[PDB]
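Asker: This is the structure, below, for whatever I ask next.
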Amino acid sequence: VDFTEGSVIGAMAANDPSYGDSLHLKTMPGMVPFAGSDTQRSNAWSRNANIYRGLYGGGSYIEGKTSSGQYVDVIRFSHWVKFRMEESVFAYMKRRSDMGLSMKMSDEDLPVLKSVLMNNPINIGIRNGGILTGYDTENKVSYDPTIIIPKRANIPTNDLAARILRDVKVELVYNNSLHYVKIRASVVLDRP
Amino acid sequence: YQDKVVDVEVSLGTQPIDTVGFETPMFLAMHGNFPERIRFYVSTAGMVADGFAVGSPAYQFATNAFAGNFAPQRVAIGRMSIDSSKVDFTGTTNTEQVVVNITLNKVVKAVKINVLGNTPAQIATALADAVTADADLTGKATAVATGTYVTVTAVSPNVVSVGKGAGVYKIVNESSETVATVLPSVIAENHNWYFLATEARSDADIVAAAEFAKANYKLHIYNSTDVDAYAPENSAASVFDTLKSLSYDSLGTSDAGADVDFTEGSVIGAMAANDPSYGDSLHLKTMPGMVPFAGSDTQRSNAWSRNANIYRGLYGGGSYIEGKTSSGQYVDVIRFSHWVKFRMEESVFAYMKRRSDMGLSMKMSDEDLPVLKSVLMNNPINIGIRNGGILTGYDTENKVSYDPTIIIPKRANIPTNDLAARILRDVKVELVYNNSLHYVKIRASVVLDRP
Amino acid sequence: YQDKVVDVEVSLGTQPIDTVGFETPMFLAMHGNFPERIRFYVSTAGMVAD
Amino acid sequence: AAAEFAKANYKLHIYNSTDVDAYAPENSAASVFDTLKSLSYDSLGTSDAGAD
Amino acid sequence: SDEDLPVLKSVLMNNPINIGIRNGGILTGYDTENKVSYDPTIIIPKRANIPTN
Amino acid sequence: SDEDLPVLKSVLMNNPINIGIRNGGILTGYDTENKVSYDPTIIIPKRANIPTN
């Protein structure tokens, strides 16, 4: 009747993927709160059919799940990172090549790619909170992004002849937003 | 491509949120004055407008509730279908003008009977004759005398309300419904009340009310004239014993006028306007409208054994004794627990929603989870501490700490599947309630010298 | 599946417990003044009433 | 329609109504006010007798 | 706001309380020997202490 | 609570004890030579010392 599809888009369209902001509780002007019993709300959730439910008077979305089960924001972030690594690397190569001085496959020049990737996608994600970072002192786990680039001596000779580098690897830790909370309280009269 | 030289986003994180209020009581009366199931009133003058007869059960409850020191801002009245009103003189003795107030279609009249020594049957017959001989009641109401009581019925669609005047007697109303079958509709229509009181006086009506009140986070209050309330220690026959055996949480008291004045309102009027954050017990608060308990020492112990609270006179004045539910715990503890539960839930949800309305949603990282600590420390816990409800401080001598403690896990400790589902579980909190003082004992001594 | 955005449990560890008291004596007299088997008094004026 | 247009184009909508249902019991959910609240639109409304 | 809530103190200090004090209805003054204070006191919270809701 | 129980000390010090001292019924003062104290003493336990029941 109203094609509320627009309402769903209107809540996340202008929010850049770098934030990783889920659709959990964002209000959706134009949509009517779901009316149904408890059983229906579980039946719909079982099929990943998202539901707009009213809470504390107001109307709030419930969750963003695709048909495959993964949250929408993860998919959006993956597309964003893929495209803006591709574009960044290609643009850097072209801009160097337009001044002579082309990129050269030597130990003294390959590490430059690390700065380029650390700039643009990864740093933008970190500053906006999309990508987790930091080191835990107690559990001794590291969350910082890591980039691996081989040295010239490790590249097979035929790859040097064809001028093709393959084995670049990267790792990221996405920052999951919070959806549900459970609390345990207690009341006591004294303490040993 | 872009279409604006300058673009500005604006997001408002000021969304209000619905909240629960622990003030407004309810009284579930029998009548047909209004069609809906609940009505709210701010004074008895409003009730008299709708056609409630002066001295009627609802009017008595409202007056007692409003007369208190901490009277609630406004009270709510239920509705059950009325069938007939029963006026009982059984076991009573009268010597002066007996007066009964009858209100019909917003018309007020007072029936007067001149009692000489007349037996109850004579008074009942005279009242029936007087009612039947009234010009404005023929064809609208009917009264039939029998035994020691007179039954009054309204000819539909007329509305009749009966209330007390001078004299010794009681009003009993029948109904084609029952509290158990009526309560769900009332709560369905409007859920803005916390104290539940009922006009139905007999046993099962109280048991069902207590069960429903416990199920839906409401506090049940009732009074009873059962002489068995203070029977010997082995009676195990009054309503109080049955409620205690079931471990239900209801507040009960033994009073003589509970079937005449419905003093339930008086009990509510002493704590209704006092916020739960104070944890102020009902021990010594005076209760206008209640008559001090009259009985021997044995009866005062028998009643206390069953958790049937007693209103006792002391040093001339009248003071309540203690607030104990049927389960043995003090009422203020229950009220405080409900308050803290609801205003932690609301606070956390409101914070999450307000953050989520500006993007920047809450994220499960070590640099953002501790924020929950500030939110909980604000609102419930700090409000409790400032008002004295929650104990705080550190003892230097015994080296015990009384401050509230909050525990929140780090990201590395959360299981991976919980991260995938985005669900945090193991938050824990501890509080030390501040017990008020009920009894004191002192040892004095007189000496002539000291080594 | 879960049905609440926030859920809170509250438990009360303030349950009182019955206790014995080593004060009140008993005197087992012979009479028929009252029907029950025991009566408590706080003064002789109460006894004279019965 | 006026409320939707006002929200779309950064205008503030103001209206009055004599609907007796505006203050019906808590479960009426039949007046214009209920419909507007359900849609989360931003309009200012008031109940008055002379609005018509 | 913290810069405007304290105004309520002046309003209450005027009208009821001051009228009572001047007419003798309300006690006031400080005792030097026993060090007890009889003056009226008014408490108003700051903005930071009010719960967000 | 530890911050409110000591109030009982002021109440008892007022009314009976102080009235007795002022009227001479109750002895008071400290002897410098024999080092004996005659002042009334009041003892009140702290919360931590009260049994839980």
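Asker: Considering only region A:143-164, I want to know if a residue exists there that is within 14 Å of another protein chain (Cβ to nearest Cβ) and of a type outside the set (D, E, K, R).
Answerer: The answer is yes, given that some residue of region A:143-164 is within 14 Å of another protein chain (Cβ to nearest Cβ) and of a type outside the set (D, E, K, R).
Asker: Looking at region F:16-44, which of its residues are out of contact with any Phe, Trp or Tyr (no Cβ under 8 Å at 6 or more places or on another chain) and surrounded by fewer than 10 Cβ atoms within 10 Å (Cβ to Cβ)?
Answerer: Once the filter is applied, which keeps residues that are out of contact with any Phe, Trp or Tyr (no Cβ under 8 Å at 6 or more places or on another chain) and surrounded by fewer than 10 Cβ atoms within 10 Å (Cβ to Cβ), region F:16-44 yields F:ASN23, F:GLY24, F:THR32, F:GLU33, F:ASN34, F:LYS35, F:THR41, F:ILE43.
Asker: Next question, about the same structure. I'm told B:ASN382 meets every condition in (1) at the interface with chain A (Cβ under 8 Å from one of its Cβ atoms); (2) part of a helix (DSSP H, G or I); (3) of a type in the set (S, T, N, Q) except one. Can you identify the failing condition by its number?
Answerer: The number of the failed condition is (1).
Asker: If B:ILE17 meets every condition in (1) surrounded by 13 or more Cβ atoms within 10 Å (Cβ to Cβ); (2) within 23 Å of the chain's Cα centre (by Cα); (3) within 14 Å of chain A (Cβ to nearest Cβ) apart from one, which number is that one?
Answerer: The single condition B:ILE17 does not satisfy is (2).
Asker: Follow-up question, since we're still on this one. Limited to region B:379-392, what total is found for residues that are closer than 12 Å to B:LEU431 by Cα and out of contact with any strand residue (DSSP E or B) (no Cβ under 7 Å at 6 or more places or on another chain)? Don't jump to the end; show me each part of the working.
Answerer: Of region B:379-392, the ones closer than 12 Å to B:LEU431 by Cα are B:380-382, B:384-385, B:389-392.
Checking which are out of contact with any strand residue (DSSP E or B) (no Cβ under 7 Å at 6 or more places or on another chain) leaves us with B:380, B:382, B:385, B:389, B:392.
Residues flagged as closer than 12 Å to B:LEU431 by Cα and out of contact with any strand residue (DSSP E or B) (no Cβ under 7 Å at 6 or more places or on another chain) within region B:379-392 amount to 5.
Asker: Quickly run through chain F and pick out the residues that are within 10 Å of another protein chain (Cβ to nearest Cβ) and part of a helix (DSSP H, G or I).
Answerer: Result: F:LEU8, F:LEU12, F:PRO16, F:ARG47, F:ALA48, F:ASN49.
Asker: Scan (1) within 13 Å of another protein chain (Cβ to nearest Cβ); (2) buried (at least 18 other Cβ atoms within 10 Å of the Cβ) for the single condition B:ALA258 breaks and write down its number.
Answerer: Only one criterion is unmet by B:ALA258, namely (1).
Asker: Do we have B:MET362 as within 14 Å of chain A (Cβ to nearest Cβ), surrounded by fewer than 16 Cβ atoms within 10 Å (Cβ to Cβ), closer than 30 Å to A:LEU25 by Cα and hydrophobic (A, V, I, L, M, F, W, C) here?
Answerer: Working: within 14 Å of chain A (Cβ to nearest Cβ): yes; surrounded by fewer than 16 Cβ atoms within 10 Å (Cβ to Cβ): no; closer than 30 Å to A:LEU25 by Cα: yes; hydrophobic (A, V, I, L, M, F, W, C): yes.
No.
Asker: Consider A:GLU108 carefully, then state whether it is acidic (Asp, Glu), more than 13 Å from chain B (Cβ to nearest Cβ), in contact with a strand residue (DSSP E or B) (Cβ under 8 Å, 6 or more places away or on another chain) and loosely packed, with under 12 Cβ neighbours inside 10 Å. Explain how you work it out, then say what you get.
Answerer: Details: acidic (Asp, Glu): yes; more than 13 Å from chain B (Cβ to nearest Cβ): yes; in contact with a strand residue (DSSP E or B) (Cβ under 8 Å, 6 or more places away or on another chain): no; loosely packed, with under 12 Cβ neighbours inside 10 Å: yes.
No; evaluated as a whole, the condition is false for this residue.
Asker: Could you pull out the residue among B:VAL75, B:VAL155, B:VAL100, B:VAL87 that is farther than 30 Å from B:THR181 by Cα and either buried (at least 19 other Cβ atoms within 10 Å of the Cβ) or of a type outside the set (S, T, N, Q) (or both)?
Answerer: Testing whether each residue is farther than 30 Å from B:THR181 by Cα and either buried (at least 19 other Cβ atoms within 10 Å of the Cβ) or of a type outside the set (S, T, N, Q) (or both) leaves just B:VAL100.
Asker: Mind counting the residues in region A:38-70 that are more than 13 Å from chain B (Cβ to nearest Cβ) and either loosely packed, with under 14 Cβ neighbours inside 10 Å or outside any strand (DSSP E or B) (or both)?
Answerer: Residues flagged as more than 13 Å from chain B (Cβ to nearest Cβ) and either loosely packed, with under 14 Cβ neighbours inside 10 Å or outside any strand (DSSP E or B) (or both) within region A:38-70 amount to 16.
Asker: Taking the stated definitions as given, is B:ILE390 within 9 Å of another protein chain (Cβ to nearest Cβ) and either under 28 Å from the mean Cα position of the chain (by Cα) or exposed (fewer than 12 other Cβ atoms within 10 Å of the Cβ) (or both)?
Answerer: Spelling it out, it is not the case that B:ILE390 is within 9 Å of another protein chain (Cβ to nearest Cβ) and either under 28 Å from the mean Cα position of the chain (by Cα) or exposed (fewer than 12 other Cβ atoms within 10 Å of the Cβ) (or both).
Asker: Can I ask one more? Under 6 Å by Cβ, and 6 or more places apart or on different chains, what pairs join a residue from region B:418-435 that is at the interface with another protein chain (Cβ under 7 Å from one of its Cβ atoms) with one that is of a type in the set (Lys, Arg)?
Answerer: Sorted first by the residue in region B:418-435, then by its partner, the pairs are B:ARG425/A:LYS182; B:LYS428/A:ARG184.
Asker: Return the residues of region B:393-417 that are at the interface with chain A (Cβ under 10 Å from one of its Cβ atoms) and within 30 Å of B:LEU284 (Cα to Cα); say none if nothing qualifies.
Answerer: Hit for region B:393-417 is B:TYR402, nothing else.
Asker: Here's a follow-up. Report those helices (runs of 4 or more DSSP H) wholly inside region B:164-265 carrying at least 2 residues which are farther than 30 Å from A:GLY57 by Cα. So that I can check it myself, show each step before the final result.
Answerer: On the way: elements: B:179-189, B:204-215, B:239-246.
Filter on region B:164-265 gives B:204-215, B:239-246.
Here the Cβ is made from the backbone with ideal geometry for all residues, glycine too, and neighbour counts use every protein chain on show. Read-outs: derived from the displayed coordinates by stated rules, not from any lab.
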